[PDB]
$ cat run_39.txt   # compact mmCIF, C-alpha atoms
# COMPACT_ATOMS: atom_id res chain seq x y z
CA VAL A 1 -80.02 150.84 56.27
CA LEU A 2 -83.38 152.30 55.01
CA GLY A 3 -85.88 152.17 57.96
CA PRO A 4 -89.36 150.67 57.46
CA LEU A 5 -91.13 152.56 54.61
CA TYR A 6 -94.73 153.72 54.95
CA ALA A 7 -96.70 154.94 51.91
CA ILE A 8 -99.75 157.14 52.69
CA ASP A 9 -102.49 155.37 50.63
CA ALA A 10 -104.12 158.39 48.92
CA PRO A 11 -102.45 161.25 47.02
CA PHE A 12 -102.85 164.78 48.39
CA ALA A 13 -104.51 167.25 45.98
CA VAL A 14 -104.59 170.87 47.24
CA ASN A 15 -104.72 174.55 46.19
CA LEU A 16 -101.53 176.61 46.22
CA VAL A 17 -101.40 180.45 46.11
CA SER A 18 -100.10 181.96 42.81
CA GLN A 19 -99.69 185.57 41.50
CA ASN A 20 -102.80 185.32 39.26
CA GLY A 21 -105.24 182.52 40.27
CA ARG A 22 -104.72 179.41 42.38
CA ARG A 23 -102.52 176.57 41.20
CA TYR A 24 -102.88 172.88 42.11
CA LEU A 25 -100.58 170.34 43.71
CA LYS A 26 -100.83 166.55 43.57
CA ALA A 27 -98.35 164.96 46.00
CA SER A 28 -97.81 161.36 47.16
CA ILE A 29 -95.81 160.94 50.40
CA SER A 30 -93.86 158.01 51.87
CA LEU A 31 -92.27 158.15 55.35
CA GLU A 32 -89.09 156.48 56.52
CA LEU A 33 -89.73 155.25 60.14
CA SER A 34 -87.10 154.85 62.95
CA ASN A 35 -88.42 151.38 63.93
CA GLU A 36 -91.01 148.68 63.08
CA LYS A 37 -93.44 149.44 65.97
CA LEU A 38 -93.91 153.03 64.66
CA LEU A 39 -95.73 151.29 61.73
CA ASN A 40 -98.85 150.48 63.91
CA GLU A 41 -98.90 154.08 65.22
CA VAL A 42 -98.84 155.75 61.76
CA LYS A 43 -101.63 153.39 60.56
CA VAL A 44 -103.73 154.14 63.73
CA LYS A 45 -103.14 157.94 63.44
CA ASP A 46 -103.71 157.94 59.60
CA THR A 47 -106.45 160.66 59.82
CA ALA A 48 -104.35 162.97 62.05
CA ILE A 49 -101.27 162.43 59.76
CA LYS A 50 -103.29 163.33 56.60
CA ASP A 51 -104.95 166.40 58.19
CA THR A 52 -101.50 167.69 59.40
CA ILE A 53 -100.02 167.26 55.88
CA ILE A 54 -103.08 168.88 54.15
CA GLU A 55 -102.81 171.92 56.51
CA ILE A 56 -99.04 172.25 55.78
CA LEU A 57 -99.33 171.77 51.95
CA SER A 58 -102.40 174.10 51.65
CA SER A 59 -100.39 176.96 53.31
CA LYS A 60 -97.82 177.19 50.45
CA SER A 61 -97.47 179.42 47.36
CA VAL A 62 -96.12 178.02 44.09
CA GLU A 63 -92.85 179.96 44.43
CA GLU A 64 -92.23 178.15 47.83
CA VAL A 65 -92.29 174.66 46.13
CA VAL A 66 -90.46 175.03 42.75
CA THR A 67 -86.92 174.45 44.21
CA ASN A 68 -85.25 171.58 46.11
CA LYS A 69 -84.62 174.09 48.90
CA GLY A 70 -88.38 175.01 49.20
CA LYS A 71 -89.38 171.33 48.98
CA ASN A 72 -86.75 170.32 51.63
CA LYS A 73 -88.19 173.01 54.00
CA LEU A 74 -91.69 171.56 53.35
CA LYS A 75 -90.42 168.01 54.11
CA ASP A 76 -88.76 169.27 57.36
CA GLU A 77 -91.99 171.06 58.45
CA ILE A 78 -94.04 167.88 57.75
CA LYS A 79 -91.51 165.77 59.69
CA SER A 80 -91.42 168.02 62.86
CA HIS A 81 -95.27 168.47 63.01
CA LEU A 82 -95.84 164.67 62.75
CA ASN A 83 -92.97 163.77 65.10
CA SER A 84 -94.57 166.08 67.74
CA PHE A 85 -97.58 163.68 68.27
CA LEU A 86 -95.86 160.27 67.52
CA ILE A 87 -94.72 158.42 70.72
CA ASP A 88 -93.63 154.88 69.47
CA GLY A 89 -90.77 156.36 67.33
CA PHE A 90 -90.03 159.21 64.87
CA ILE A 91 -90.06 159.87 61.11
CA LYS A 92 -86.42 159.85 59.76
CA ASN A 93 -87.38 161.16 56.26
CA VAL A 94 -90.32 162.44 54.22
CA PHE A 95 -90.31 161.39 50.50
CA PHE A 96 -92.38 163.01 47.74
CA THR A 97 -92.88 159.95 45.50
CA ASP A 98 -95.05 162.17 43.24
CA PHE A 99 -95.05 166.06 43.17
CA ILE A 100 -97.05 167.55 40.25
CA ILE A 101 -97.92 171.27 40.01
CA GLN A 102 -100.58 172.34 37.48
$ encode --input "run_39.txt" --output "structure tokens"
Amino acid sequence: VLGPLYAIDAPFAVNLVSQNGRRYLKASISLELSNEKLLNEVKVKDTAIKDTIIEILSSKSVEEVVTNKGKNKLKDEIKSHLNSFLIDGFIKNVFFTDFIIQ
């Protein structure tokens, strides 16, 4: 049973560290929620959720995000940082519905 699904409206577009210059990530995120009432909370805290994600994504180098293992660690770090200020429920999963490195 897939929990309620929440799509963050806007894509994230950030710098990543690379050997030579910077590289660029475009990521869209959806969250799987533990319950329906967590849906109001993620909408109300939209700004805090985006700023948390931007700060996590913008800390990464390319070589940290080119494997399933690096991406899964990123998803786990997003999930624990968000779950730390959500009180009406918790995020079950983070989904990268788009993940494009340039």
$ closest_residue --input "run_39.txt" --among "A:93, A:67, A:2, A:102" --to "residue A:21" --atoms "all atoms listed in the file"
A:102
$ residues_around --input "run_39.txt" --residues "stretch 54-58 of chain A" --least-positions-apart "6" --cutoff "8 Å" --atoms "all atoms listed in the file" --output "PyMOL selection string"
chain A and resi 12+14-16+74+77-78
$ closest_residue --input "run_39.txt" --among "A:20, A:64, A:47, A:52" --to "residue A:84" --atoms "only C-alpha atoms"
A:52
$ closest_residue --input "run_39.txt" --among "A:34, A:18, A:72, A:28" --to "residue A:53" --atoms "only C-alpha atoms"
A:28
$ residues_near_point --input "run_39.txt" --point "(-94.4, 162.3, 58.8)" --cutoff "10 Å" --atoms "all atoms listed in the file" --output "list in words"
residues 6, 8, 29, 30, 31, 32, 33, 42, 49, 50, 52, 53, 75, 76, 77, 78, 79, 80, 81, 82, 83, 84, 86, 90, 91, 92, 93, 94 and 95 of chain A
$ write_last_selection --input "run_39.txt" --atoms "C-alpha atoms" --output "short mmCIF file (atom, residue, chain, number, x, y, z; two decimals), in the coordinates of the input"
data_model
loop_
_atom_site.label_atom_id
_atom_site.label_comp_id
_atom_site.auth_asym_id
_atom_site.auth_seq_id
_atom_site.Cartn_x
_atom_site.Cartn_y
_atom_site.Cartn_z
CA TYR A 6 -94.73 153.72 54.95
CA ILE A 8 -99.75 157.14 52.69
CA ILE A 29 -95.81 160.94 50.40
CA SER A 30 -93.86 158.01 51.87
CA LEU A 31 -92.27 158.15 55.35
CA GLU A 32 -89.09 156.48 56.52
CA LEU A 33 -89.73 155.25 60.14
CA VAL A 42 -98.84 155.75 61.76
CA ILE A 49 -101.27 162.43 59.76
CA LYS A 50 -103.29 163.33 56.60
CA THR A 52 -101.50 167.69 59.40
CA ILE A 53 -100.02 167.26 55.88
CA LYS A 75 -90.42 168.01 54.11
CA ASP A 76 -88.76 169.27 57.36
CA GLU A 77 -91.99 171.06 58.45
CA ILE A 78 -94.04 167.88 57.75
CA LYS A 79 -91.51 165.77 59.69
CA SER A 80 -91.42 168.02 62.86
CA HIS A 81 -95.27 168.47 63.01
CA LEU A 82 -95.84 164.67 62.75
CA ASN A 83 -92.97 163.77 65.10
CA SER A 84 -94.57 166.08 67.74
CA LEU A 86 -95.86 160.27 67.52
CA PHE A 90 -90.03 159.21 64.87
CA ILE A 91 -90.06 159.87 61.11
CA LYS A 92 -86.42 159.85 59.76
CA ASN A 93 -87.38 161.16 56.26
CA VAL A 94 -90.32 162.44 54.22
CA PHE A 95 -90.31 161.39 50.50
#
$ axis_aligned_box --input "run_39.txt" --around "stretch 35-51 of chain A" --padding-each-side "4 Å" --output "JSON"
{"center_x": -97.4, "center_y": 157.5, "center_z": 61.3, "size_x": 26.0, "size_y": 25.7, "size_z": 17.4}
$ atom_distance --input "run_39.txt" --atom1 "atom CA of residue A:36" --atom2 "atom CA of residue A:10"
21.6 Å
$ atom_distance --input "run_39.txt" --atom1 "atom CA of residue A:100" --atom2 "atom CA of residue A:27"
6.4 Å
$ closest_residue --input "run_39.txt" --among "A:4, A:69, A:19, A:11" --to "residue A:96" --atoms "only C-alpha atoms"
A:11
$ atom_distance --input "run_39.txt" --atom1 "atom CA of residue A:35" --atom2 "atom CA of residue A:89"
6.5 Å
$ closest_residue --input "run_39.txt" --among "A:97, A:73, A:88, A:3" --to "residue A:60" --atoms "all atoms listed in the file"
A:73
$ closest_residue --input "run_39.txt" --among "A:44, A:87, A:62, A:101" --to "residue A:17" --atoms "only C-alpha atoms"
A:62
